file run-v8.cif (mmCIF, N, CA and C atoms and all ligand atoms)
data_input
loop_
_atom_site.group_PDB
_atom_site.id
_atom_site.type_symbol
_atom_site.label_atom_id
_atom_site.label_comp_id
_atom_site.auth_asym_id
_atom_site.auth_seq_id
_atom_site.Cartn_x
_atom_site.Cartn_y
_atom_site.Cartn_z
ATOM 1 N N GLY M 1 0.808 -1.207 0.000
ATOM 2 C CA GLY M 1 0.000 0.000 0.000
ATOM 3 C C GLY M 1 0.843 1.260 0.000
ATOM 4 N N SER M 2 0.229 2.380 -0.371
ATOM 5 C CA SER M 2 0.932 3.657 -0.418
ATOM 6 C C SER M 2 0.166 4.727 0.353
ATOM 7 N N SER M 3 0.550 4.932 1.608
ATOM 8 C CA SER M 3 -0.103 5.924 2.455
ATOM 9 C C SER M 3 0.898 6.566 3.411
ATOM 10 N N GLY M 4 0.764 7.874 3.608
ATOM 11 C CA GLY M 4 1.662 8.587 4.497
ATOM 12 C C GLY M 4 2.300 9.791 3.833
ATOM 13 N N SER M 5 2.747 9.614 2.594
ATOM 14 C CA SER M 5 3.385 10.694 1.850
ATOM 15 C C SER M 5 4.620 11.203 2.586
ATOM 16 N N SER M 6 5.537 10.291 2.894
ATOM 17 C CA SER M 6 6.762 10.647 3.600
ATOM 18 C C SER M 6 7.879 9.657 3.283
ATOM 19 N N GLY M 7 9.060 9.910 3.839
ATOM 20 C CA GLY M 7 10.193 9.034 3.602
ATOM 21 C C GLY M 7 9.861 7.577 3.858
ATOM 22 N N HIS M 8 10.450 6.690 3.062
ATOM 23 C CA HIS M 8 10.212 5.258 3.206
ATOM 24 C C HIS M 8 11.528 4.502 3.369
ATOM 25 N N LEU M 9 11.437 3.258 3.825
ATOM 26 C CA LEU M 9 12.620 2.429 4.026
ATOM 27 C C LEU M 9 13.503 2.428 2.782
ATOM 28 N N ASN M 10 14.592 1.668 2.836
ATOM 29 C CA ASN M 10 15.518 1.578 1.713
ATOM 30 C C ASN M 10 16.131 0.185 1.624
ATOM 31 N N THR M 11 16.192 -0.353 0.409
ATOM 32 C CA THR M 11 16.755 -1.678 0.187
ATOM 33 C C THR M 11 18.233 -1.595 -0.178
ATOM 34 N N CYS M 12 18.854 -2.752 -0.378
ATOM 35 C CA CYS M 12 20.268 -2.808 -0.732
ATOM 36 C C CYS M 12 20.445 -3.101 -2.219
ATOM 37 N N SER M 13 20.281 -2.071 -3.042
ATOM 38 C CA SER M 13 20.418 -2.218 -4.486
ATOM 39 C C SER M 13 21.785 -2.791 -4.847
ATOM 40 N N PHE M 14 21.896 -3.315 -6.063
ATOM 41 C CA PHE M 14 23.148 -3.897 -6.532
ATOM 42 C C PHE M 14 23.423 -3.503 -7.981
ATOM 43 N N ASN M 15 24.696 -3.511 -8.360
ATOM 44 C CA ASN M 15 25.093 -3.153 -9.716
ATOM 45 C C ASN M 15 24.610 -1.751 -10.073
ATOM 46 N N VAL M 16 24.802 -0.812 -9.151
ATOM 47 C CA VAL M 16 24.386 0.568 -9.368
ATOM 48 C C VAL M 16 25.479 1.543 -8.945
ATOM 49 N N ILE M 17 25.187 2.835 -9.056
ATOM 50 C CA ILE M 17 26.145 3.869 -8.683
ATOM 51 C C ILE M 17 25.506 4.904 -7.762
ATOM 52 N N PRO M 18 26.314 5.459 -6.846
ATOM 53 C CA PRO M 18 25.850 6.469 -5.891
ATOM 54 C C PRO M 18 25.536 7.802 -6.564
ATOM 55 N N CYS M 19 24.773 8.642 -5.872
ATOM 56 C CA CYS M 19 24.400 9.948 -6.403
ATOM 57 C C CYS M 19 25.518 10.962 -6.187
ATOM 58 N N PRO M 20 25.811 11.751 -7.231
ATOM 59 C CA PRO M 20 26.859 12.775 -7.182
ATOM 60 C C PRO M 20 26.483 13.945 -6.279
ATOM 61 N N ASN M 21 25.187 14.099 -6.027
ATOM 62 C CA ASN M 21 24.697 15.180 -5.178
ATOM 63 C C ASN M 21 25.119 14.965 -3.727
ATOM 64 N N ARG M 22 25.638 13.778 -3.437
ATOM 65 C CA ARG M 22 26.080 13.445 -2.088
ATOM 66 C C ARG M 22 24.906 12.981 -1.231
ATOM 67 N N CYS M 23 23.835 12.549 -1.888
ATOM 68 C CA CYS M 23 22.645 12.078 -1.187
ATOM 69 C C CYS M 23 22.655 10.558 -1.062
ATOM 70 N N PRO M 24 22.148 10.055 0.073
ATOM 71 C CA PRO M 24 22.085 8.614 0.343
ATOM 72 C C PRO M 24 21.066 7.904 -0.541
ATOM 73 N N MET M 25 21.317 7.909 -1.846
ATOM 74 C CA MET M 25 20.421 7.261 -2.798
ATOM 75 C C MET M 25 21.156 6.921 -4.091
ATOM 76 N N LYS M 26 21.096 5.654 -4.484
ATOM 77 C CA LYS M 26 21.754 5.198 -5.702
ATOM 78 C C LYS M 26 20.730 4.736 -6.734
ATOM 79 N N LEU M 27 21.015 5.005 -8.004
ATOM 80 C CA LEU M 27 20.119 4.615 -9.088
ATOM 81 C C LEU M 27 20.827 3.695 -10.076
ATOM 82 N N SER M 28 21.768 4.255 -10.828
ATOM 83 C CA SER M 28 22.520 3.486 -11.813
ATOM 84 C C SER M 28 23.268 4.410 -12.769
ATOM 85 N N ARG M 29 23.812 3.833 -13.835
ATOM 86 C CA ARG M 29 24.555 4.603 -14.826
ATOM 87 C C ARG M 29 23.653 5.005 -15.989
ATOM 88 N N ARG M 30 22.360 5.142 -15.709
ATOM 89 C CA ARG M 30 21.394 5.520 -16.733
ATOM 90 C C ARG M 30 20.329 6.449 -16.157
ATOM 91 N N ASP M 31 19.864 6.133 -14.952
ATOM 92 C CA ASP M 31 18.845 6.938 -14.290
ATOM 93 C C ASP M 31 19.483 8.052 -13.466
ATOM 94 N N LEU M 32 20.791 8.222 -13.623
ATOM 95 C CA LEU M 32 21.522 9.252 -12.894
ATOM 96 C C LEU M 32 21.044 10.645 -13.294
ATOM 97 N N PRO M 33 20.987 10.896 -14.610
ATOM 98 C CA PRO M 33 20.546 12.184 -15.152
ATOM 99 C C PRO M 33 19.054 12.422 -14.942
ATOM 100 N N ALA M 34 18.356 11.393 -14.474
ATOM 101 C CA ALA M 34 16.923 11.490 -14.228
ATOM 102 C C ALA M 34 16.623 11.504 -12.733
ATOM 103 N N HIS M 35 17.674 11.564 -11.923
ATOM 104 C CA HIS M 35 17.522 11.583 -10.472
ATOM 105 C C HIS M 35 17.888 12.952 -9.906
ATOM 106 N N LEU M 36 18.939 13.552 -10.453
ATOM 107 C CA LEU M 36 19.392 14.863 -10.002
ATOM 108 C C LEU M 36 18.511 15.970 -10.571
ATOM 109 N N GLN M 37 17.567 15.587 -11.426
ATOM 110 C CA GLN M 37 16.658 16.547 -12.040
ATOM 111 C C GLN M 37 15.473 16.838 -11.123
ATOM 112 N N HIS M 38 14.688 15.806 -10.835
ATOM 113 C CA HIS M 38 13.522 15.950 -9.971
ATOM 114 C C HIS M 38 13.260 14.665 -9.191
ATOM 115 N N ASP M 39 14.321 13.908 -8.936
ATOM 116 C CA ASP M 39 14.206 12.654 -8.200
ATOM 117 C C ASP M 39 15.266 12.567 -7.106
ATOM 118 N N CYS M 40 15.956 13.677 -6.868
ATOM 119 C CA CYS M 40 16.999 13.727 -5.851
ATOM 120 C C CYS M 40 16.538 14.531 -4.639
ATOM 121 N N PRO M 41 16.764 13.975 -3.439
ATOM 122 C CA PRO M 41 16.381 14.624 -2.182
ATOM 123 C C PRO M 41 17.231 15.854 -1.880
ATOM 124 N N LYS M 42 18.548 15.687 -1.940
ATOM 125 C CA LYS M 42 19.471 16.783 -1.677
ATOM 126 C C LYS M 42 19.745 17.581 -2.947
ATOM 127 N N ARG M 43 18.803 17.535 -3.884
ATOM 128 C CA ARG M 43 18.943 18.255 -5.144
ATOM 129 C C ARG M 43 19.448 19.676 -4.905
ATOM 130 N N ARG M 44 19.248 20.172 -3.689
ATOM 131 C CA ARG M 44 19.681 21.518 -3.333
ATOM 132 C C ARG M 44 18.733 22.565 -3.910
ATOM 133 N N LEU M 45 17.461 22.471 -3.538
ATOM 134 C CA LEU M 45 16.452 23.409 -4.019
ATOM 135 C C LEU M 45 15.425 23.708 -2.931
ATOM 136 N N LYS M 46 15.538 24.884 -2.325
ATOM 137 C CA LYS M 46 14.617 25.294 -1.271
ATOM 138 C C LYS M 46 13.752 26.464 -1.729
ATOM 139 N N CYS M 47 12.487 26.452 -1.323
ATOM 140 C CA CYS M 47 11.556 27.513 -1.690
ATOM 141 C C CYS M 47 12.033 28.862 -1.162
ATOM 142 N N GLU M 48 11.646 29.931 -1.851
ATOM 143 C CA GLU M 48 12.034 31.278 -1.450
ATOM 144 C C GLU M 48 11.021 31.870 -0.475
ATOM 145 N N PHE M 49 9.916 31.159 -0.275
ATOM 146 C CA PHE M 49 8.867 31.614 0.631
ATOM 147 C C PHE M 49 8.780 30.710 1.857
ATOM 148 N N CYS M 50 8.220 29.520 1.669
ATOM 149 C CA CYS M 50 8.074 28.561 2.758
ATOM 150 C C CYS M 50 9.430 27.991 3.167
ATOM 151 N N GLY M 51 10.405 28.099 2.269
ATOM 152 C CA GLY M 51 11.733 27.590 2.553
ATOM 153 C C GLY M 51 11.717 26.139 2.991
ATOM 154 N N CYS M 52 11.315 25.254 2.086
ATOM 155 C CA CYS M 52 11.253 23.828 2.385
ATOM 156 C C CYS M 52 11.686 23.000 1.179
ATOM 157 N N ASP M 53 12.786 22.273 1.333
ATOM 158 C CA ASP M 53 13.307 21.438 0.256
ATOM 159 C C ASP M 53 12.169 20.813 -0.545
ATOM 160 N N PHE M 54 12.347 20.744 -1.860
ATOM 161 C CA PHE M 54 11.335 20.171 -2.741
ATOM 162 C C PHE M 54 11.981 19.518 -3.959
ATOM 163 N N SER M 55 11.163 18.854 -4.769
ATOM 164 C CA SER M 55 11.653 18.181 -5.966
ATOM 165 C C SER M 55 11.535 19.088 -7.187
ATOM 166 N N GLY M 56 11.800 18.525 -8.362
ATOM 167 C CA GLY M 56 11.718 19.297 -9.589
ATOM 168 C C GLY M 56 10.297 19.415 -10.106
ATOM 169 N N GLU M 57 9.469 18.426 -9.787
ATOM 170 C CA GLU M 57 8.079 18.423 -10.227
ATOM 171 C C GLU M 57 7.227 19.329 -9.344
ATOM 172 N N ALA M 58 7.715 19.600 -8.138
ATOM 173 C CA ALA M 58 7.001 20.454 -7.198
ATOM 174 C C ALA M 58 7.532 21.884 -7.242
ATOM 175 N N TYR M 59 8.838 22.030 -7.056
ATOM 176 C CA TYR M 59 9.471 23.343 -7.071
ATOM 177 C C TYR M 59 9.030 24.145 -8.291
ATOM 178 N N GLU M 60 8.599 23.439 -9.332
ATOM 179 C CA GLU M 60 8.149 24.085 -10.558
ATOM 180 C C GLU M 60 6.739 24.646 -10.394
ATOM 181 N N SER M 61 5.782 23.761 -10.136
ATOM 182 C CA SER M 61 4.393 24.167 -9.961
ATOM 183 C C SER M 61 4.154 24.693 -8.549
ATOM 184 N N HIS M 62 5.208 24.693 -7.738
ATOM 185 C CA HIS M 62 5.116 25.171 -6.364
ATOM 186 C C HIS M 62 5.533 26.635 -6.267
ATOM 187 N N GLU M 63 6.125 27.148 -7.342
ATOM 188 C CA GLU M 63 6.573 28.536 -7.376
ATOM 189 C C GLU M 63 5.390 29.493 -7.264
ATOM 190 N N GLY M 64 4.223 29.037 -7.710
ATOM 191 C CA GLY M 64 3.032 29.864 -7.651
ATOM 192 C C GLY M 64 2.050 29.391 -6.598
ATOM 193 N N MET M 65 2.139 28.116 -6.237
ATOM 194 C CA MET M 65 1.250 27.541 -5.235
ATOM 195 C C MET M 65 2.023 27.164 -3.975
ATOM 196 N N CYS M 66 2.521 28.172 -3.267
ATOM 197 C CA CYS M 66 3.280 27.947 -2.043
ATOM 198 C C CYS M 66 2.380 28.064 -0.816
ATOM 199 N N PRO M 67 2.562 27.141 0.140
ATOM 200 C CA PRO M 67 1.777 27.119 1.378
ATOM 201 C C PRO M 67 2.118 28.284 2.301
ATOM 202 N N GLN M 68 3.375 28.713 2.267
ATOM 203 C CA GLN M 68 3.828 29.819 3.101
ATOM 204 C C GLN M 68 4.402 30.945 2.247
ATOM 205 N N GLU M 69 3.548 31.562 1.437
ATOM 206 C CA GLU M 69 3.973 32.654 0.568
ATOM 207 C C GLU M 69 4.403 33.865 1.388
ATOM 208 N N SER M 70 3.724 34.086 2.509
ATOM 209 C CA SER M 70 4.031 35.213 3.381
ATOM 210 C C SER M 70 4.456 34.729 4.764
ATOM 211 N N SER M 71 3.510 34.157 5.500
ATOM 212 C CA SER M 71 3.782 33.655 6.842
ATOM 213 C C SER M 71 5.075 32.846 6.866
ATOM 214 N N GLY M 72 5.964 33.190 7.794
ATOM 215 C CA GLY M 72 7.228 32.487 7.907
ATOM 216 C C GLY M 72 7.484 31.975 9.310
ATOM 217 N N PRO M 73 8.752 31.652 9.605
ATOM 218 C CA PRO M 73 9.154 31.143 10.919
ATOM 219 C C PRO M 73 9.071 32.211 12.005
ATOM 220 N N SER M 74 8.994 31.770 13.256
ATOM 221 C CA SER M 74 8.904 32.688 14.386
ATOM 222 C C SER M 74 10.184 33.508 14.521
ATOM 223 N N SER M 75 11.275 32.835 14.874
ATOM 224 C CA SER M 75 12.562 33.501 15.043
ATOM 225 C C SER M 75 13.551 33.049 13.972
ATOM 226 N N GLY M 76 13.670 33.842 12.912
ATOM 227 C CA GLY M 76 14.583 33.508 11.834
ATOM 228 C C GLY M 76 14.113 34.037 10.493
HETATM 229 ZN ZN ZN X 101 20.430 12.163 -5.290
HETATM 230 ZN ZN ZN X 102 6.952 27.249 -0.878
#
call {"tool": "encode", "arguments": {"input": "run-v8.cif", "output": "structure tokens"}}
result
Amino acid sequence: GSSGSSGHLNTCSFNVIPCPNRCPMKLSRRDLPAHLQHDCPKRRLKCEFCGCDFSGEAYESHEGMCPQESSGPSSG
């Protein structure tokens, strides 16, 4: 089943390569260019409003639909 919408366990993949982004996630020598695009966690992309790491599929359509466009953190 798929419920929760959050981080999930991780298996021990084989015959693959680590991510250059320095993230604890390996894909392979083919899905590499498809992981650092919008499939990488440490892709290094934080919102300018809500300031919350996001993917490429979100950071894109999230630029206009941000949960914290104004309201921000208490101290910071
Ligand atoms: Zn990665
Ligand atoms: Zn945002």
call {"tool": "resolve_selection", "arguments": {"input": "run-v8.cif", "expression": "the PyMOL selection byres (((chain M and resi 41-45 and name CA) around 9) and not hetatm and name CA)", "output": "PyMOL selection string"}}
result
chain M and resi 21-25+35-40+46-47+52-56+59
call {"tool": "residues_near_ligand", "arguments": {"input": "run-v8.cif", "ligand": "ligand ZN 102 (chain X)", "cutoff": "7 Å", "atoms": "all atoms listed in the file", "output": "list in words"}}
result
residues 46, 47, 48, 49, 50, 51, 52, 62, 63, 65, 66, 67, 68 and 69 of chain M
call {"tool": "closest_residue", "arguments": {"input": "run-v8.cif", "among": "M:19, M:60, M:73, M:31", "to": "ligand ZN 101 (chain X)", "atoms": "only C-alpha atoms and all ligand atoms"}}
result
M:19
call {"tool": "atom_distance", "arguments": {"input": "run-v8.cif", "atom1": "atom N of residue 7 (chain M)", "atom2": "atom C of residue 27 (chain M)"}}
result
19.3 Å
call {"tool": "atom_distance", "arguments": {"input": "run-v8.cif", "atom1": "CA of residue 33 (chain M)", "atom2": "CA of residue 13 (chain M)"}}
result
17.9 Å
call {"tool": "build_atoms", "arguments": {"input": "run-v8.cif", "residues": "region 25-50 of chain M", "atoms": "N, CA, C and O atoms", "output": "mmCIF file, in the frame of the given file"}}
result
data_model
loop_
_atom_site.group_PDB
_atom_site.id
_atom_site.type_symbol
_atom_site.label_atom_id
_atom_site.label_comp_id
_atom_site.auth_asym_id
_atom_site.auth_seq_id
_atom_site.Cartn_x
_atom_site.Cartn_y
_atom_site.Cartn_z
ATOM 1 N N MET M 25 21.317 7.909 -1.846
ATOM 2 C CA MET M 25 20.421 7.261 -2.798
ATOM 3 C C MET M 25 21.156 6.921 -4.091
ATOM 4 O O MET M 25 21.764 7.788 -4.718
ATOM 5 N N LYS M 26 21.096 5.654 -4.484
ATOM 6 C CA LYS M 26 21.754 5.198 -5.702
ATOM 7 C C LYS M 26 20.730 4.736 -6.734
ATOM 8 O O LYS M 26 19.706 4.148 -6.387
ATOM 9 N N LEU M 27 21.015 5.005 -8.004
ATOM 10 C CA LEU M 27 20.119 4.615 -9.088
ATOM 11 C C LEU M 27 20.827 3.695 -10.076
ATOM 12 O O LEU M 27 20.528 2.503 -10.154
ATOM 13 N N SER M 28 21.768 4.255 -10.828
ATOM 14 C CA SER M 28 22.520 3.486 -11.813
ATOM 15 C C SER M 28 23.268 4.410 -12.769
ATOM 16 O O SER M 28 23.349 5.617 -12.546
ATOM 17 N N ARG M 29 23.812 3.833 -13.835
ATOM 18 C CA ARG M 29 24.555 4.603 -14.826
ATOM 19 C C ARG M 29 23.653 5.005 -15.989
ATOM 20 O O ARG M 29 24.119 5.190 -17.113
ATOM 21 N N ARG M 30 22.360 5.142 -15.709
ATOM 22 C CA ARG M 30 21.394 5.520 -16.733
ATOM 23 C C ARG M 30 20.329 6.449 -16.157
ATOM 24 O O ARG M 30 19.936 7.429 -16.789
ATOM 25 N N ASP M 31 19.864 6.133 -14.952
ATOM 26 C CA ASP M 31 18.845 6.938 -14.290
ATOM 27 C C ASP M 31 19.483 8.052 -13.466
ATOM 28 O O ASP M 31 18.804 8.743 -12.705
ATOM 29 N N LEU M 32 20.791 8.222 -13.623
ATOM 30 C CA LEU M 32 21.522 9.252 -12.894
ATOM 31 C C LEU M 32 21.044 10.645 -13.294
ATOM 32 O O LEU M 32 20.728 11.485 -12.451
ATOM 33 N N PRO M 33 20.987 10.896 -14.610
ATOM 34 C CA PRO M 33 20.546 12.184 -15.152
ATOM 35 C C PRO M 33 19.054 12.422 -14.942
ATOM 36 O O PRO M 33 18.548 13.513 -15.199
ATOM 37 N N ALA M 34 18.356 11.393 -14.474
ATOM 38 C CA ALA M 34 16.923 11.490 -14.228
ATOM 39 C C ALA M 34 16.623 11.504 -12.733
ATOM 40 O O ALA M 34 15.462 11.460 -12.322
ATOM 41 N N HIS M 35 17.674 11.564 -11.923
ATOM 42 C CA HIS M 35 17.522 11.583 -10.472
ATOM 43 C C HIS M 35 17.888 12.952 -9.906
ATOM 44 O O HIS M 35 17.230 13.454 -8.993
ATOM 45 N N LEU M 36 18.939 13.552 -10.453
ATOM 46 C CA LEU M 36 19.392 14.863 -10.002
ATOM 47 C C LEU M 36 18.511 15.970 -10.571
ATOM 48 O O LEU M 36 18.682 17.143 -10.242
ATOM 49 N N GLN M 37 17.567 15.587 -11.426
ATOM 50 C CA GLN M 37 16.658 16.547 -12.040
ATOM 51 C C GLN M 37 15.473 16.838 -11.123
ATOM 52 O O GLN M 37 15.276 17.973 -10.689
ATOM 53 N N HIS M 38 14.688 15.806 -10.835
ATOM 54 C CA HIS M 38 13.522 15.950 -9.971
ATOM 55 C C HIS M 38 13.260 14.665 -9.191
ATOM 56 O O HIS M 38 12.120 14.367 -8.832
ATOM 57 N N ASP M 39 14.321 13.908 -8.936
ATOM 58 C CA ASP M 39 14.206 12.654 -8.200
ATOM 59 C C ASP M 39 15.266 12.567 -7.106
ATOM 60 O O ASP M 39 15.456 11.515 -6.493
ATOM 61 N N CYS M 40 15.956 13.677 -6.868
ATOM 62 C CA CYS M 40 16.999 13.727 -5.851
ATOM 63 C C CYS M 40 16.538 14.531 -4.639
ATOM 64 O O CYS M 40 15.991 15.628 -4.761
ATOM 65 N N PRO M 41 16.764 13.975 -3.439
ATOM 66 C CA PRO M 41 16.381 14.624 -2.182
ATOM 67 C C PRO M 41 17.231 15.854 -1.880
ATOM 68 O O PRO M 41 16.705 16.931 -1.601
ATOM 69 N N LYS M 42 18.548 15.687 -1.940
ATOM 70 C CA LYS M 42 19.471 16.783 -1.677
ATOM 71 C C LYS M 42 19.745 17.581 -2.947
ATOM 72 O O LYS M 42 20.786 18.226 -3.073
ATOM 73 N N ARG M 43 18.803 17.535 -3.884
ATOM 74 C CA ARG M 43 18.943 18.255 -5.144
ATOM 75 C C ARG M 43 19.448 19.676 -4.905
ATOM 76 O O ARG M 43 20.005 20.306 -5.804
ATOM 77 N N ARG M 44 19.248 20.172 -3.689
ATOM 78 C CA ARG M 44 19.681 21.518 -3.333
ATOM 79 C C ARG M 44 18.733 22.565 -3.910
ATOM 80 O O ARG M 44 19.145 23.439 -4.674
ATOM 81 N N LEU M 45 17.461 22.471 -3.538
ATOM 82 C CA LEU M 45 16.452 23.409 -4.019
ATOM 83 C C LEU M 45 15.425 23.708 -2.931
ATOM 84 O O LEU M 45 14.548 22.891 -2.649
ATOM 85 N N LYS M 46 15.538 24.884 -2.325
ATOM 86 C CA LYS M 46 14.617 25.294 -1.271
ATOM 87 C C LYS M 46 13.752 26.464 -1.729
ATOM 88 O O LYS M 46 14.222 27.360 -2.431
ATOM 89 N N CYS M 47 12.487 26.452 -1.323
ATOM 90 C CA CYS M 47 11.556 27.513 -1.690
ATOM 91 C C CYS M 47 12.033 28.862 -1.162
ATOM 92 O O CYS M 47 12.733 28.932 -0.153
ATOM 93 N N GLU M 48 11.646 29.931 -1.851
ATOM 94 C CA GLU M 48 12.034 31.278 -1.450
ATOM 95 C C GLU M 48 11.021 31.870 -0.475
ATOM 96 O O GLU M 48 11.235 32.946 0.084
ATOM 97 N N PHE M 49 9.916 31.159 -0.275
ATOM 98 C CA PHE M 49 8.867 31.614 0.631
ATOM 99 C C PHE M 49 8.780 30.710 1.857
ATOM 100 O O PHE M 49 9.210 31.083 2.950
ATOM 101 N N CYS M 50 8.220 29.520 1.669
ATOM 102 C CA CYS M 50 8.074 28.561 2.758
ATOM 103 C C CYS M 50 9.430 27.991 3.167
ATOM 104 O O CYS M 50 9.587 27.465 4.267
#
